[PDB]
Amino acid sequence: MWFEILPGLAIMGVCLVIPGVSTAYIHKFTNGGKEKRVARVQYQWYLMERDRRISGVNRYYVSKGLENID
Amino acid sequence: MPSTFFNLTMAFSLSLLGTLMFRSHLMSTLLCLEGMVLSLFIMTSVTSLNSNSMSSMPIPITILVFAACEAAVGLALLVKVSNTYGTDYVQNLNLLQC
Amino acid sequence: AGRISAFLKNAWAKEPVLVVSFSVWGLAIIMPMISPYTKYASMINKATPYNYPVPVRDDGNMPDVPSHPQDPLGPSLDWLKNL
Amino acid sequence: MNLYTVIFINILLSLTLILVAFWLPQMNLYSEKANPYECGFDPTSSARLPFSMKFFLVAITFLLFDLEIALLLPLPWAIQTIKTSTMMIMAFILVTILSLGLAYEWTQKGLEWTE
Amino acid sequence: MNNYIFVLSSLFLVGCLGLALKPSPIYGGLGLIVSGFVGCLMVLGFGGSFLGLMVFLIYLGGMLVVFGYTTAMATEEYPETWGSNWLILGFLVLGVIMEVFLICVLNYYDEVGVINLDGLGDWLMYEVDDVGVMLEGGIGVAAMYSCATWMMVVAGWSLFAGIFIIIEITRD
Amino acid sequence: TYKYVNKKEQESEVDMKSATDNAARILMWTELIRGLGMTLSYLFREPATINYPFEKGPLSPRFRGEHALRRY
Amino acid sequence: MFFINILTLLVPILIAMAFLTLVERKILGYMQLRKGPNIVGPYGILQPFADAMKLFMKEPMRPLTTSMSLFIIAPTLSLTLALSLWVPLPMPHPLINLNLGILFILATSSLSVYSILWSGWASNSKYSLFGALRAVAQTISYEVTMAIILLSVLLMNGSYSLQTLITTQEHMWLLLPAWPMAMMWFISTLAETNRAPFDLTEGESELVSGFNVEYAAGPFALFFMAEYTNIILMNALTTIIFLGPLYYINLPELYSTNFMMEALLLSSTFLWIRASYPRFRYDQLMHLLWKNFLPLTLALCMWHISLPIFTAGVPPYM
Amino acid sequence: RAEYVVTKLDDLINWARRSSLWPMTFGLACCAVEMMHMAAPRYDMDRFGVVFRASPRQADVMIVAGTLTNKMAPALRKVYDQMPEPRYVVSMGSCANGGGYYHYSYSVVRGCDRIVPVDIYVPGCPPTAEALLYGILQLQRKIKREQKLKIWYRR
Ligand SMILES: COC1=C(OC)C(=O)C(C/C=C(\C)CC/C=C(\C)CC/C=C(\C)CC/C=C(/C)CC/C=C(/C)CC/C=C(\C)CC/C=C(\C)CC/C=C(\C)CC/C=C(/C)CCC=C(C)C)=C(C)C1=O
Ligand SMILES: CCCCCCCCCCCCCCCCCC(=O)OC[C@H](COP(=O)([O-])OCC[N+](C)(C)C)OC(=O)CCCCCCCCCCCCCCCCC
Ligand SMILES: CCCCCCCCCCCCCCCCCC(=O)OC[C@H](COP(=O)(O)OCCN)OC(=O)CCCCCCCCCCCCCCCCC
Ligand code: SF4
């Protein structure tokens, strides 16, 4: 009957869920538990570059807090 | 930037040579005209971006608008030429010499 | 007018796209001229701080400008806060 | 660099697919197979003759309207301006004259596919 | 990754050379589409993306209408691509050799400094405001709506008058 | 006898409510939505397809098939 | 890790479009009082794979009267543009985050039109020429309409990005503020994808196969993949722009699920339209767009210029 | 063993070609009326994976369904030749089989096998749509029996 289309619909459903979820998880894994930190403007890019210089491991996502100040 | 600007100036020169040297096709001449237009657009955009002349950034849009107007007029004239003869040949339109 | 009403009703029955387009064109012309919120858009875009506010020297002859951001002087944004 | 790599990966994927399509199967090429189709008969013309399209005025109008589109597209940054009254008036005038040109062409039967 | 803009400019030069060499207008429109995409990439590399995307979209529409017209009237039984005459190919490779020769000459003659092989990719972007919001291309094109209303109105009148012009030319 | 298939008897004049109904029919694509509903009902019906080599199509004793020579 | 991200974007999209072919055949069958394929797979799920293997094991059959360079370039161009168009979509985080995402979408769609045109002209046949000219007319009409629609909708939005569309539709959809733009955008996506009612480029009845009439198997499969990928993409773009899925900062999985459900619904809507309606004439499509949608969308573009000014609801730059 | 791997690969390609059979939108007469009755919802060829394509470039099998006239025969031969290489022919009905009712006509090719190589003959006038579906499945079995890779390997 009409529910015979549901296997193909479910395969399309999982194949459309997979890319966005995988992109979010890969962004988290690459950025260390945080999001991508998109930089639309030069100020945001400067913040990213400053964070990369501050961290010392040349990774902008390694956040440095109050433990650096005595 | 100076190497790229030299390349863009040479591209304009090549498109000008294409415009001046006809090969039997008014459409190809119009194509060379729009190649000159594209070269000028890229030159103006690169110059404004390099000099940070955001006040002069409307200039490429203006030249694009007027260039598309002239391309429109050229296509209309090519339509009239094709209706007159049926071949669109610059050597075929020659009867004004006398 | 009878002829105008009959023409508009016939146009609304037969070509109800040009009627909608002209009505929307007229509404988009008229509505900024009668709305009480028209000045607020310009004031919001003015109050949006895309640049650093460059401080001025203290010659002691201007009492209008503040001396600190936590002062009653200056262009407060309570209109936008309560808008 | 990332977008460049994705573009090159998609291009290489399409090239790999068409290379597989061309080197995988068995080829048997002869003249009647590779002749142009023409619904089971030999074509009378060469399929390169003039075609004489009927919507040429609509195409030129499309060029002009595409450049009007290019003019209208910086509006999302234009509405962030500090004046907004001259901006609103200018946008109204631009859309109005574009609509007036379309209306004049419609009245003069420009978009009617003259045969 | 330094000479990326130079590679793009060379590709633009090659595309304009093909357009000058004048194939059948199908391939002329192809060469202009490639040159438009390359110039878009050059503008994007030099700065704001709005101008490059604008010229790309505009030339896509333009070459589409051009393709329709060269199918309609500017066509022939055997539209020459580039190999109908060996002179066209020989002249293309001659222009390529001349381009290489001239850039080598200008690299050897490094007194003026227009093209330098060692200094290529060093002077692409001169000075940029590192910290700052609303400094990209497209803000000025928006400022055409508020600061250059004369530019806006002459462009709009050009398009309006152009509609009237094309109707009167193709009135027949 | 005969009948008309597209001729209309007189006219329904011009009215604001009828004009609004025609305007909504044109703008809201009502007959298109109706056709969508019809094929949606067909989607939710049961198909007439038989499983071919296991369920054969019905026939009749008069059916003309393959020839044969008979015996007493 | 980025190449793994590219794989997890590209491979699910290709499997999704193959099963879109399966879902299209089954939905059309069940609306035609028959079934879809149910023999090749357990429930027909192996039918697209069998079709793909047959098409890639038939010969490509290069013709005599054919510009071979463009004849080969065009289908690969179409497929790579479909995937490149799939690149910048956020669900809710894009693979490639672009400031001018919608402009990128428009440029890539126009280049796909060029792929169709070059295929039609290169396959030197009269039916291919007919299909190419019909593609020219169709893209003229929907290009001008689509540009105006996106201008007005993104004027209601802020920048030309798509994460900004997510944050705009965080509280409410854009369908309720601009539903006429949504209707005209749905029709324009049909015209962009060359789908029924107004396909007119692969017109099986007016022409034989349009621009694919000389393309044998292989590159024909490439054209089909590009077309169906563009179908899923236009429906995905419609649900990102107008039917905004629920977004929460803590978990994006419900955003991805909501996006999936609405994209599936709009793809099934495309198949529904194909089952329901007959074909336009390609001059009637141009007349319909340029005489109904273009004046209405010009007026609505003016209305959406005026609306944030008189309501003071101008969106932020970021 | 290379024989086993080659046999399984050949079975895979035969399965693909038999599960995706695309006949051409090409008929001639009452037999083609029964052919679209085989396309009808009852004996769903699309359920079998059999779907018409208009162009011969996208076709796999020509179902010669009708009377092959002398005036028609160059068109049928040209259309068959324009197919890509793995192509099959199902003659359908008495006309396409051996001329049938018009066998002694001055204008009828006595069987379409005089023009194109016929893979499967389907008898009837008209054969029922069930009978044409039987011929289609018999063609599927026939191309299931093919051993191209194994013949190549022992070649
Ligand atoms: C009275 O007078 C007469 C007539 O007048 C009325 C006649 O007419 C006439 C002629 C009569 C005939 C010819 C009869 C023929 C019958 C008909 C005309 C009617 C039957 C109906 C139709 C033709 C309409 C069919 C309608 C449909 C809705 C069916 C759908 C059809 C489609 C073509 C669309 C769906 C698509 C497909 C079937 C194929 C889709 C699949 C692919 C292309 C596969 C591509 C996918 C990939 C490449 C994916 C690969 C990628 C991957 C990642 C996969 C991974 C793979 C792995 C192996 C891992 C005669 C003689 C006549 O006397
Ligand atoms: C993405 C979200 C979902 C979208 C909808 C998807 C589901 C529905 C799909 C339906 C089937 C679509 C398949 C293709 C159909 C193609 C035909 C078609 O649609 O033609 C267009 C038809 C054309 O109709 P036509 O062509 O028959 O018109 C006749 C015209 N002549 C005689 C000149 C030929 O309709 C339109 O153009 C209407 C467009 C939408 C209009 C919306 C107006 C909304 C109201 C505005 C404001 C009103 C108040 C005014 C101010 C008041 C102030 C107080
Ligand atoms: C079969 C042949 C096919 C040939 C045609 C290929 C078409 C490709 C797909 C369509 C492309 C249309 C034009 C798109 C241009 C890029 C759009 C864009 O906005 O790029 C800018 C973007 C970064 O800009 P923005 O978003 O502002 O980010 C700043 C802070 N985030 O990103 C960037 O700055 C990245 C810049 C590079 C992006 C494009 C890379 C293209 C690489 C070349 C491809 C073709 C090579 C030649 C053929 C190969 C052999 C077949
Ligand atoms: S065999 Fe019989 S049914 Fe078939 S085409 Fe001939 S006369 Fe018609």
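Computed from the coordinates by the stated procedures, all read-outs in this text should not be read as laboratory data. We place every Cβ from the backbone using ideal geometry, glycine too, and count neighbours over all the protein chains shown.
Among the numbered conditions (1) under 30 Å from G:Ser119 (Cα atoms); (2) within 10 Å of another protein chain (Cβ to nearest Cβ), the only one that G:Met156 does not meet is (1). Within the option set H:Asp119, H:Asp113, being touching a residue at least 12 places away in the same chain (Cβ under 8 Å), more than 16 Å from ligand 4 (Cβ to nearest atom), away from every other protein chain (no Cβ under 14 Å) and of a type outside the set (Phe, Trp, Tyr) holds for one residue only, H:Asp119.
Residues checked against (1) of a type outside the set (S, T, N, Q); (2) more than 12 Å from ligand 2 (Cβ to nearest atom); (3) farther than 25 Å from G:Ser84 by Cβ:
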{"position": "G:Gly218", "(1), (2), (3)": "yes, yes, no"}
{"position": "G:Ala226", "(1), (2), (3)": "yes, yes, no"}
{"position": "G:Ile240", "(1), (2), (3)": "yes, no, no"}
{"position": "G:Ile249", "(1), (2), (3)": "yes, yes, yes"}
{"position": "G:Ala263", "(1), (2), (3)": "yes, no, no"}
{"position": "G:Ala275", "(1), (2), (3)": "yes, no, yes"}
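Of the helices (runs of 4 or more DSSP H) entirely within the range D:22-115, those holding at least 3 residues that are more than 7 Å from every other protein chain (Cβ to nearest Cβ) occupy D:85-107. Selection of first residues in the range F:24-38 that are within 10 Å of chain G (Cβ to nearest Cβ) and of second residues that are among the basic types (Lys, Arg) and away from ligand 4 (no atom under 16 Å from the Cβ), restricted to Cβ pairs under 9 Å at least 6 apart or on distinct chains, gives the following pairs, ordered by first then second residue: F:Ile26/C:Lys14. Collect the residues in the range G:114-130 that are facing chain E (nearest Cβ under 7 Å) and either crowded, with 24+ Cβ neighbours inside 10 Å or not in a helix (DSSP H, G or I) (or both), keeping them in residue-number order. Across the range G:114-130, the qualifying residues are G:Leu117, G:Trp121.
The criterion of at least 2 residues that are on the phi > 0 side of the Ramachandran plot and within 11 Å of the chain's Cα centre (by Cα) is met by none of the helices (runs of 4 or more DSSP H) wholly inside chain B. Could you list all residues from the range E:132-163 that are at the interface with another protein chain (Cβ under 7 Å from one of its Cβ atoms) and either exposed (fewer than 14 other Cβ atoms within 10 Å of the Cβ) or touching a residue at least 24 places away in the same chain (Cβ under 8 Å) (or both)? Once the filter is applied, which keeps residues that are at the interface with another protein chain (Cβ under 7 Å from one of its Cβ atoms) and either exposed (fewer than 14 other Cβ atoms within 10 Å of the Cβ) or touching a residue at least 24 places away in the same chain (Cβ under 8 Å) (or both), the range E:132-163 yields E:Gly137, E:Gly138, E:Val141. Inclusion of G:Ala50 among residues that are closer than 28 Å to G:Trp118 by Cα, part of a helix (DSSP H, G or I), within 12 Å of ligand 1 (Cβ to nearest atom) and among the small types (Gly, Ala, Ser) is not warranted.
The conditions of being facing chain G (nearest Cβ under 10 Å), crowded, with 20+ Cβ neighbours inside 10 Å, more than 16 Å from ligand 4 (Cβ to nearest atom) and aliphatic (A, V, I, L, M) are met by H:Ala54. Residue count for the range B:7-64, restricted to those that are in contact (Cβ under 8 Å) with a residue 40 or more places away in the chain and of a type outside the set (S, T, N, Q): 7.
Going by the conditions given, is G:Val213 in contact with a strand residue (DSSP E or B) (Cβ under 8 Å, 6 or more places away or on another chain) and away from ligand 2 (no atom under 16 Å from the Cβ)? Criteria met by G:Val213. Only helices (runs of 4 or more DSSP H) whose full extent lies in the range C:7-83 are considered here, and the ones with at least 3 residues that are surrounded by 12 or more Cβ atoms within 10 Å (Cβ to Cβ) and among the β-branched types (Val, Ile, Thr) are C:18-34. Considering every residue within the range H:60-76, establish whether at least one is within 13 Å of ligand 1 (Cβ to nearest atom), under 20 Å from H:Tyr121 (Cα atoms) and of a type in the set (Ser, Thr, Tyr). Yes, that holds for at least one residue. Within the range F:15-38, identify whether any single residue is touching a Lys or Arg at 6+ places or on another chain (Cβ under 9 Å), at negative phi and within 16 Å of ligand 1 (Cβ to nearest atom), and answer yes or no. No, there is no match, as no residue in the range F:15-38 is touching a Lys or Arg at 6+ places or on another chain (Cβ under 9 Å), at negative phi and within 16 Å of ligand 1 (Cβ to nearest atom).
Sort out which residues of the range A:28-63 are basic (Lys, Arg) and more than 25 Å from G:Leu100 (Cα to Cα), and write them in order of number. Listed by number, the residues that qualify are A:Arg50, A:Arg52, A:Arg53, A:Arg59. Condition first: in contact with a helix residue (DSSP H, G or I) (Cβ under 7 Å, 6 or more places away or on another chain) and of a type in the set (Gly, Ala, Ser). Now tell me which residues in the range H:65-99 satisfy that. H:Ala65, H:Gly66, H:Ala75, H:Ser91, H:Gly93, H:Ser94, H:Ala96, listed by residue number. Can you tell me which residue within the range G:265-302, out of those that are under 30 Å from C:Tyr40 (Cβ atoms) and touching a residue at least 12 places away in the same chain (Cβ under 8 Å), is farthest from the other protein chains (Cβ to nearest Cβ)? Only one residue fits best here, namely G:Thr297.
Could you say whether any residue in the range G:164-180 is within 14 Å of chain D (Cβ to nearest Cβ), more than 16 Å from ligand 4 (Cβ to nearest atom) and within 20 Å of the chain's Cα centre (by Cα)? So far as the range G:164-180 goes, yes, one or more of its residues are within 14 Å of chain D (Cβ to nearest Cβ), more than 16 Å from ligand 4 (Cβ to nearest atom) and within 20 Å of the chain's Cα centre (by Cα). One residue stands out in the range G:57-99 among those that are closer than 30 Å to A:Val41 by Cβ and free of Cβ contacts under 8 Å to residues at least 40 places away in the same chain: the one that is surrounded by the fewest Cβ atoms within 10 Å (Cβ to Cβ), namely G:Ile96.
From the list G:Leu155, G:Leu190, G:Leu162, the lone residue that is within 16 Å of ligand 2 (Cβ to nearest atom) and not charged (D, E, K, R) is G:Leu190. Looking at A:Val14, A:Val38, just one residue is aliphatic (A, V, I, L, M), assigned to a loop (DSSP other than H, G, I, E, B) and closer than 30 Å to G:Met261 by Cα, and that residue is A:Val38. If you go through the range G:276-295 and pick out every residue that is surrounded by fewer than 17 Cβ atoms within 10 Å (Cβ to Cβ) and within 16 Å of ligand 1 (Cβ to nearest atom), you end up with 3. The one condition from (1) under 30 Å from D:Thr96 (Cβ atoms); (2) more than 23 Å from the chain's Cα centre (by Cα); (3) surrounded by 12 or more Cβ atoms within 10 Å (Cβ to Cβ); (4) not acidic (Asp, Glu) that C:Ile4 does not meet is (3).
Of all the listed residues (G:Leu222, G:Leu207, G:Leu200), the sole one being more than 21 Å from G:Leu298 (Cβ to Cβ), within 16 Å of ligand 3 (Cβ to nearest atom), of a type in the set (A, V, I, L, M) and touching a residue at least 60 places away in the same chain (Cβ under 8 Å) is G:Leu222. For G:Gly41, indicate whether it is within 14 Å of ligand 1 (Cβ to nearest atom) and crowded, with 21+ Cβ neighbours inside 10 Å. Against the criterion (within 14 Å of ligand 1 (Cβ to nearest atom) and crowded, with 21+ Cβ neighbours inside 10 Å), G:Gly41 does not qualify.
For (1) small (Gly, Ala, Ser); (2) closer than 15 Å to H:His37 by Cα, each residue gets a yes or a no:
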site	(1), (2)
H:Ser91	yes, no
H:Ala96	yes, no
H:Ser105	yes, no
H:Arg110	no, no
H:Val118	no, no
H:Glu130	no, yes
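Determine, yes or no, whether H:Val5 is more than 11 Å from chain G (Cβ to nearest Cβ), in a helix (DSSP H, G or I), more than 11 Å from ligand 1 (Cβ to nearest atom) and not aromatic (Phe, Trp, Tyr). Judged against the criteria, H:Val5 is a match.
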